[PDB]
Structure formats: C-alpha cells, structure tokens
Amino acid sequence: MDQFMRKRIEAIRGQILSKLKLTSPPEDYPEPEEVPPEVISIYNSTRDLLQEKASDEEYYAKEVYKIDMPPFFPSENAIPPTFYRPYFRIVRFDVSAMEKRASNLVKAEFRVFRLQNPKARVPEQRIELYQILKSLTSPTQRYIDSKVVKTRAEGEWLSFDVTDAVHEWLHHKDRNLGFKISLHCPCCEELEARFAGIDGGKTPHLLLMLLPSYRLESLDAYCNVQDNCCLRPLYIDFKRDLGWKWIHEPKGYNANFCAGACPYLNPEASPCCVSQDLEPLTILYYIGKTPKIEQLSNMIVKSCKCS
C-alpha cells in the first residue's frame, strides 16, 4: 500500500485535468481572500444536491449554472414570480440568459426548500410537480415527478429532474409558464407543505449543468475483435458443459466473461478488467415431484470495465 497510494495521487491528478480537458493547471488563479458569496452559493447547491442523490459525455466535467427565482419589486410593472392557492403553488423562472447555451444543456434540477410546519394537519402528503402549458380543448399542465414529503419534519431540500421543461423554456420563450407544486390527490384537503421563498439562502432555484463544446472533441458485444478489456462469449449448455440433466429450462444461457489488459498512465491505483453489469438468471429444476422455479442473481456478464 506504500507504493499504491503514490500512484492514486498521480492517477487522480491526471483524472482531474482529463475530465476538465485542461492540458495543464490554471496559472492566473485569483486569491481566496475575496470570493463573491454568489459563487460560493453555486458550489453549495451543486454539493448539497449530490449529497442528496447519494441515496463519453459522462466522463468530462459539467459546468453548473444557478438560476435563482426572479426578484420581485412591487413598484415596477412586473408579474410576481409566485401565485398562491390552497392546493398548489406556482413559480416562474427567467431563463433567457441561457437561451444562447441551450445547445449544450445536459441536466436541470429544480431545488426548492421545504420548511417545517409543526402545526400541519396531515403529517404526510404526496406533492406533484407539473410544467404549466399554454392552451382550448387541450392540456394545461404536464406531469414531471412526484414526491412524498413530511409536512412536520425538519426542513429539507427537494430536487426534481426538469430537464425537458427547461429545454422547451429555452427554445420557446412563450411557453415559460413556470412550475406548479400541486397536491397529488386521487382524482378531480389543502397543501400542508410550506416552502421557503414561496410561502412567506433558501430561495427556489434551477441548477443547469452543461457540457462545453470544447470538451466535445474526443463494452457490450463491438466486442470486431480485441485483446484488451472486452467481453468474451461463453454459452453454458447444461448437459454438454456440466453433465447436468436436472435443469429442465433454460437448456443453456450466455454466461459470458470479461478479459483483457487495461492500460495505465481509465475512468477510475492499478486497473483490472472486471465485470460491470450483470443480469439475473431464471432456472426451472426439480427435486422429487416438487418443481422449483428460482431466480439466480449475478449470472450473466453483459459488460466489462477497468478498475
């Protein structure tokens, strides 16, 4: 492990700059004595988001843009960003700044803070997120995702994948009609969930994640032919290759196996060619007169990786 730590550090140094596609580290880095709080806010929302999710466009790093809720000034001629009703809340965002960057958007996350309502009537509710739509005799809202929240629990952040909605909003500005946080309710009780910025550093905001164009320059059976890490066919005929006549079905399955050598300088220390994705296998066998239709996990090698 003494010489195994020494390599991870060097492999991480290259992995960082590789995902950033930086041939060398920045030079004119400013000084941390004064970094604007708005920049630290973007780091906080990306960090806290990934912490929650814990419960080749993917290799390269992604720029995170944070679009807060529009500030409302009652003295001007602006339509407020929020509209209330006992059963839903309405929020609208101004995404015109990212219309120029729409060709590089990868993912968007609507992050809203759910306050604690210690005097809530129902302790648990299912809320639904809709994309408001411009209509007659046609739809007025589009389903996105739902969530089960605890109205009386400690405050928490809630995130939704609203990529397709921001995509339309960035293309057709006349469709940016906002979001709606509606109560699920079976079919056509008040919304006991309170949200910061809507029911009153916890502002509702979008988290847009792009892949820069200059970062767009650059293992199922491709496996052509190769001798590096790559899937290899193996079909097990139960009678032939095992001498087993007790499994009635399947008569045989592609088990496959991964083989090859992985280079060093590797999406992930020394690398080894192992299996990544495995899929279960169902068999029908017999003991006595009893039939057994059973499920075996991790039996089929479908792809390989290096690690």
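Start at 1 and count along the sequence shown; that's the residue number.
Where coordinates are absent for parts of the deposited sequence, a chain break appears; between neighbours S135 and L136 it spans 1 to 3 residues. Unmodelled deposited residues between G200 and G201: 10 or more, per the record.
Averaged over their C-alpha atoms, the temperature factors of 93 to 101 and 230 to 238 are higher for 230 to 238. The deposited model assigns a higher average Cα B-factor to 179 to 187 than to the other stretch when 179 to 187 and 204 to 212 are compared. Based on the entry's C-alpha B-factors, the most elevated value among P70, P280, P36, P32 belongs to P32.
Ranking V64, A261, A255, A61 by Cα temperature factor from the entry places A261 first. Annotation for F88: CA B-factor lies in the lowest third of the chain's modelled residues.
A193: CA B factor lies in the middle third for its chain, per the PDB record. In the PDB entry, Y222 places in the highest third of its chain by CA B-factor. Residue-level temperature factors show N77 in the highest third of its chain, judged at the C-alpha atom.
Looking at the C-alpha B-factors along this chain, the one for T140 belongs to the highest third.
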